[PDB]
């Protein structure tokens, strides 16, 4: 139950935008490999930046709802659903202003009480469908 509660605190940060206490539950060595192309590198600051990015992209009304959280050893798996609105540029695609919802799975390793390894799997295909199958502009993503 300790580990489930740590992951619920991470979920809560995405829902409130609250990053002042991330050093209490994000490991110094935190890395989410998806964040690198944004410039977002390691530790509590990287996680704070990721929260910021999610809210900037999918709006201050984004909601991550919990379906269920599982654990095995030091690993925690969170089955969530994201509810958002496409209000920020996303992989080179201007904001469609379209609402969407999609299931997501997160996998996290807890190391000495804090989240150190974090992978997430959005329902990218369903999000793109709900956004009307957007395209990047000439600027693109790189």
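Numbering follows the first chain given and starts at 1.
Stretches 35-43 and 49-57 differ in mean CA B factor, with 35-43 having the higher one. The deposited model assigns a higher average Cα B-factor to 89-97 than to the other stretch when 89-97 and 73-81 are compared.
Note on the listed residues 112, 117, 66, 103: the highest Cα temperature factor in the record is that of 112. Compared with the other modelled residues of the chain, the Cα B-factor recorded for residue 126 ranks in the lowest third.
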